[PDB]
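Each chain gets a letter, A, B, C, D, E, F, G and H, in the order it is written, and its residues are counted from 1.
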Amino acid sequence: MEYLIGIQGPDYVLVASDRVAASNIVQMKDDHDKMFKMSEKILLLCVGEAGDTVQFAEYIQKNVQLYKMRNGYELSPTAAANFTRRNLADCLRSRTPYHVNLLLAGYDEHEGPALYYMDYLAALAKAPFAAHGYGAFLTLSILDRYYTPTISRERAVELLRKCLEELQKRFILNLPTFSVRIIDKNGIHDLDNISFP
Amino acid sequence: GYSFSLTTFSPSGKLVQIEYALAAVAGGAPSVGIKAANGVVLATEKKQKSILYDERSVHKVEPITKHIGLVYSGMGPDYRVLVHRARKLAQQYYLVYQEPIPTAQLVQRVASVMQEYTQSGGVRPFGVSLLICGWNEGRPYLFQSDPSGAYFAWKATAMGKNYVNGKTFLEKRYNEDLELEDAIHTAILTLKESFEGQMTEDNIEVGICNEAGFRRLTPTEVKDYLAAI
Amino acid sequence: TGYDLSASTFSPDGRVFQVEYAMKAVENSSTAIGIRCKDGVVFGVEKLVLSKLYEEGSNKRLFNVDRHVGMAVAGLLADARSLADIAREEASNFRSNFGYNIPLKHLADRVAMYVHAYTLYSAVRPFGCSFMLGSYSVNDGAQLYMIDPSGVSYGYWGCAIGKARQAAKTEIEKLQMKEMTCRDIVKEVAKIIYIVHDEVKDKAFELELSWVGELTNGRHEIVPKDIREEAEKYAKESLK
Amino acid sequence: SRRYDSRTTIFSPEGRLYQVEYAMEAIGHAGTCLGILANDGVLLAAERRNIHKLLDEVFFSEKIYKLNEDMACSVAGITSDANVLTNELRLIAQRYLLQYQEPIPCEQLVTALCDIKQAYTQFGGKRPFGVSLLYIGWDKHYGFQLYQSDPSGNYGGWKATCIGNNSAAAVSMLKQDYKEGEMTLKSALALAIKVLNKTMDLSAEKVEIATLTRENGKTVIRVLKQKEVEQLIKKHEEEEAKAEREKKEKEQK
Amino acid sequence: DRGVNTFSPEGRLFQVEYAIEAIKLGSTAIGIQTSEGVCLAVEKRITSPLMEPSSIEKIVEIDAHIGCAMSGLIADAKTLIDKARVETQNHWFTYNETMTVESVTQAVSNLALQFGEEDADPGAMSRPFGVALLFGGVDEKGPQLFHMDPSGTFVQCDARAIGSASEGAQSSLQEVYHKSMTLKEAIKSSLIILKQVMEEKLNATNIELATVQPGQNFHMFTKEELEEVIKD
Amino acid sequence: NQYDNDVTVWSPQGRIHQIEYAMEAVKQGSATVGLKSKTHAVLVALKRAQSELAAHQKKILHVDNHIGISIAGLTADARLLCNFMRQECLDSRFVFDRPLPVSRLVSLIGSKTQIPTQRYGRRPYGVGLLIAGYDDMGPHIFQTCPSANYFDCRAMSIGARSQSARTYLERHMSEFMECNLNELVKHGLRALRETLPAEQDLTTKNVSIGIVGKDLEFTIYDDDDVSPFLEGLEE
Amino acid sequence: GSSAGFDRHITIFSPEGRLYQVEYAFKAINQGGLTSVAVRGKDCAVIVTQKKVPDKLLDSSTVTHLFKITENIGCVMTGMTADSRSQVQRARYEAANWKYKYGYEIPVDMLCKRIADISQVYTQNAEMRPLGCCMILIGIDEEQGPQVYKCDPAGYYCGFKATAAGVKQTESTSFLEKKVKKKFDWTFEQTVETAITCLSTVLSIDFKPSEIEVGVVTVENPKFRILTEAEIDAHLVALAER
Amino acid sequence: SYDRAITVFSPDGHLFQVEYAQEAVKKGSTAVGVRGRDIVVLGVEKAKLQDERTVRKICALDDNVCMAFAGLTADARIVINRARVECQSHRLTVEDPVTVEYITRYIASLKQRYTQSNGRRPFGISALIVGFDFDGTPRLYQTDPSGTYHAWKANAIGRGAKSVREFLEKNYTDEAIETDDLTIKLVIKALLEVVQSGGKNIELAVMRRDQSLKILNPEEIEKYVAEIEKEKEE
């Protein structure tokens, strides 16, 4: 019902998410942000059940910030993705399972750019591109068709726009605006939102 | 319970309660261990205060599992605690890995229990040193585990009364290529250095460990070895 | 001294001094007696009155531990009452488990083992109390047991605890109680208490009498005022 | 019971923790243990106290413990206390790897065990662990590293340090010949043999050396063979003999 | 070395006796109850000019109608102050009303002999609080002043002095206290007695003053207000 | 001296010095008197003021509509024991819908206060009580002590110089059962007065009165409410 | 006889490696003033101990040191009375619990080993004292015949041909080791009589049926049996004819 | 569980265990804190064979708060990690970041608890906590083993805290605060009263309003030491 998308290029990770906060038949917020900064070079995009998403994302964020304070360096995107997986998997068979679907996008000095997909069951996959929500059923084939591993950030935003246009055209849910950010060797960069009249 | 340690460091950096536990071992009846090329021998002085003692009721040389055996010097009642715990630990290893516990693994697990009793609240250390034998990698093993929780792999060693002299006799009479039968003869000879009186098959106890596992020698087998002297 | 501060410490000669000191508190206390006869058990207590301001019956030293069991104490009274509660709860537990009245030897064994448990550790102190348990059943007869601070429990024909324990004992030995009834034994109990009481040293006192036997239907109860007054008048007249 | 209570975690009037200080006294009696950090590796050289004709060699080493794929350590003190701590160091390292799917950065493994030692000096009423540890390792943050920890739960990183018997004498001897940034594993091995020769009384069977190097993106931890130790020891005798010639002949001319 | 719950041959717990002695080392505080309000005044005892005097809090607000003056080990008082504040808010939540000055004093007093070693929770109190408190506020019974010591004994006072020079300040309060005195006269007498017993010369930074009046909430005096009162 | 610091340690004389030291706490506190007639149980107390500027410490506490107490000893221990009594009384009305028999409440105090006298690191309650009550057995005056022992009393006095009060009560105890409430309170006040030196007398500042009876729920009289009782005699 | 710190007050090693508190527990056994003897025969095992009833005021039937642990296991206790009843109670529990978990009557050696193991804990943990008592158990083993086992306040335990406990333990064991060295049949009568005559010669007392108590187990009747004054008198009068 | 009362009152009204913990602080390296106008400075007194990084006594608790300590360094590490966890736990429960006073209050209550709970001895450290609240006000606070805390304009803890405090009392002027470079020199000037050589034995870190903690390298410290000698002769 909410949309997340990530496209990993040779030296960057492009991510986008819808900006709707909804309750029942009403769009309560048109400028809502579903991205969470973990480190200077890591974003956690989170989607799912109403309480779970912010509770889970914030807990991981503060523990990632605690690691930075205790050791003087930040966790790598891989270590952060695995730490997120460990918490989600530990809650799975517990009294409190979190119904969250997420994407972790990061940049590491040594490993380069990375995109991780995680579902509410805590399965973790490294992907060149990925999407979450009903929107992924309409946009995954667009990325299969046009994505190449050497895709430039300029071309990646065009591809992202192609995906977001398909939702406007065929998806029954409103979703008019999208948050867009890109991560590289210089950290997290805010791009202009994708908007439709 | 008392939640504070009873063993503490003295100003000279000593754990005086472990040193006093070692004095209990030093006062105990002699014990010998000899790792032969094809097996291990454990021999001990099982001398009793009277004829009225039923010799075959209690044992000093004890099996832990099918391939591991034990002997000791020091406190008899403390020893039984360690035998029960060692037998238990060997069964836990077997349930998990479905393979008989390597001698070094059993020694390490029993040494940990012994170390606990030097730091845990309201307890004194064990006044026992163990001599553990075994057969596992197609090769024999002999270990000593003392009251502090420290262990040592030995080719041959002595513990208890007159142990410093037993170790010198072993030093000159030990060869890495000795066979199990010859090592039993040598083990009884080390005990005879400090034995006060006449040595019969009822006042000494011998245990062996080879490819066929660990077992105690019957008094008839001990009699045949004593015939050779 | 040194070896006498904890019940978890033996002295070099194999003694537990904290238990012996708890027994001294019993010896320093007033005298209580118990006598087993042909048809029951009779209790008598020399209850010294510390103040004329107290009510008659205050600081009772005779208790109903079960409907068929009575308890007579000597020593530290708060410890004694605590032991009466342990005995009550123990007797109640037996009835819940088996559906009938706890046999007195069993009740004594059970209570004595709580007492014993307080003689092994530094965490707790031994009870400063010695007590007797009396009962009467048709299948069991008359039964009198006595437990001391160490945890020892024995069966008795005659028994005395406190200040004049040995003085009351030589007076009890003069009775052939095996062929006597509760009704005649009450007079004897009051008499022995009046003999051992030290008028000079312990000014005034109240005689406490209890009994459980064939007469009471195996129920432990107070000896009625009239029989108590007859035994009390008899005790005073024999003293002359 | 207050009569029998040793009071192990209390302060002395000078703000001192006596059980910790008494544990440090024990460490002085244990075998000499040193660590030297070089540009291409890091090493541990330790005096062997289990030297006896009738001892059997069943383990790879006596005082060297592999902790993880990129780390190893050496101890000085109560060897049963060292077995407790080394086992815990392995559990901490496996717990970090299970959580982040990356090996525990060297300093983090040290601080983790040190917090346990520290707890033993503040509460619990228990005696402290009578062990001092030397840690050698490699990580993607600081590369080759050397650490030292005490019964107090106190630690520090070092270029070269010593624990155990004649520690101060060995440290000052290291202080003279250690050249910062210009040490190779070859020169550090010769310094380890030089320092041990003086702080002991020197057969290869009374010493134990281990090196930590990087080979093809993988960490290599190896305890040197008895022959290899004889070669380093022999070269040291051939340097002391050459040194005696550059004193008797360099005074006449 | 005896335990913390050992009685002396005189019938007092040693640890409580010594906690009373610890208050004889705290800075002196005075409280005066008057039909027009209660005033609380205390000496800050500033050790260095580099220390921020605004960060020495010896008079605190428990609730709008209740204030607290403290003396002794000030870190120990911080726990009792917060427990008092929590009790007022728990009472407000449940009963929809303010607590009486006496009920708040009693609530804090219930924690007094809650120390010990054997039969206790993992991190329970090992010793008493080395604090003396002066609660001052207004309720349906009018202005009231209450005293409390480490033993937990709490009592109502018309005038009370606690701390190092409590013996001398109580003498001065006894000779100057009149039941029908005004709030202005009580404030001045407090400042006079404090100037007398204080080592340093009293100024608007060295001391703390507060009033709780019927009709006025708890008020901490500002530097400008303290200087205007110092004049007389 | 070595048998001095623990309740678990018996001295060689069969004495527990820690219990005997706790008993002293009662003797240090001000005197209180408790006495009874056929219809009323009365408690009278001397309230101690720390200074002329301080109020006189509350000596009389309410437990239930049918029970009230007078304290002597550590006030925090008195508050703890009073709260225990109040709860035990509340449970009895919740479960049985009937007031707790006074003698049964006193037994609970004896069991409760004995526990710490037999366990290491624990201490006796340093407080003594005088308990006024009224139930199916009429009025009562009970006495509880740090030793965990308890007494059923005709009348009683505890605290500093309380032997003086006991001498008066021992003489007039023949009159007590037939006294009317004013005659009974007067007797209690005269016994309380005996403890006081010859200089000072009973005022409406240092006198506290507690009354329970056949027609009266436990009521506490303290300042102006004390005046009707203090008009009966002049030394 | 070296001492350091609290080694005479609690169960911690002395500088020589002794446990003074355990040594003191052996001295506590003799405090009772009694002596016990247990003798094993060809087809039986008998226990005998002094029955000192000095007061007619006691109910002599409640004054005993012989206890039934199970139907086929009986014991004689020497030492501190309450400690001994506590140990008997524990033995009874351990025996009943063994049958519940394993489905067979506990062997005498196993019950003795278990009591000895429980006793060893008191020897190693400081908060409690060892029991100042000694347990001697008897019973017929299905495969091993009659058994006599003894356990210590030290935690030691052993099987015996004949044994003793109490004040005259050393004197009774010297008597028994002389009697066992001579070739005897060891019938029931010989075993009962050797036990009675060991105690009599050692205490220098000609016994009366009320001055001793005897407990027995046989291959024919393995149930623990306590002898009556009449049955004990039969043995005493048979011993008089020699 | 070990339930012995470690810190108890002595006959005179003293808490000896807490006073003994203050003796351990007195033996620690001198730590100095100075609160300037747009900057806060921490300086700590100082083996060639030692890695300096592994033994720094100036730690960051959060982006806006940092601290220095004097006393038992292992104890300090425990206090520091608890303060660090608390800063994140504060952001998680209330969203907004911690104030210098909030985290000082947390550290002080932790220290006080260890002076009144069974089985524990007090922490043998004193702390100088500096930073900027969200509103931008610079802060300096000091905690000690007892659990007391106060705000300061400037302060010193550890070895020779008395003589360095007296120096700061005379040299803390509005002219000495005027520039960010002048306040840094004040910490150096004060540290030179106890540190015999200076520069080589000084660890110094600064925190500017919206800037994160900045550790000054030895060459930077040598520059400010050289500037002091110019002022000294002129």
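Everything that follows uses one rule, which is that a residue touches a chain if its C-beta (ideal position, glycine included) is under 8 Å from a C-beta of that chain, and two chains touch if they have at least 3 such contacts.
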Maximum centroid distance from chain A, chain identifier (CA atoms): C
Higher-contact pair (C-beta pairs counted), B-H versus A-D: A-D
Computed distance of Cα centres, chain G from chain B, in Å: 31
Centre distance in Å when chain C and chain E are each reduced to the mean of their C-alpha atoms: 56
Length of the line joining the C-alpha centres of chain E and chain G, rounded to whole Å: 71
Chain B residues counted as touching two or more neighbouring chains: 2-4, 6, 121
For chain C, residues contacting two or more additional chains: 5-6, 122-123
Per-residue multi-chain contacts in chain H, two or more chains: 1-4, 6, 81, 119-120
Chain B to chain H touching residues, read off their complex: 3-4, 121
Residues on chain F engaged by chain C in the complex (per definition of touch): 2-3, 7-16, 107, 110-111, 113-114, 117-120, 147-149, 151-156, 166, 169-170, 173
Residues of chain B touching chain G in the complex: 1-2, 6, 16-17, 20-27, 50-54, 56-58, 74, 76-78, 80-81, 84, 117, 122-127
Parts of chain D lying in touch with chain C, wherever the complex brings them together: 1, 3
Chain D partner contacts - residues on chain B that touch it in the complex: 2-15, 35, 104, 108, 111-112, 114-115, 118-121, 141-142, 148-150, 152-157, 167, 170-171, 174
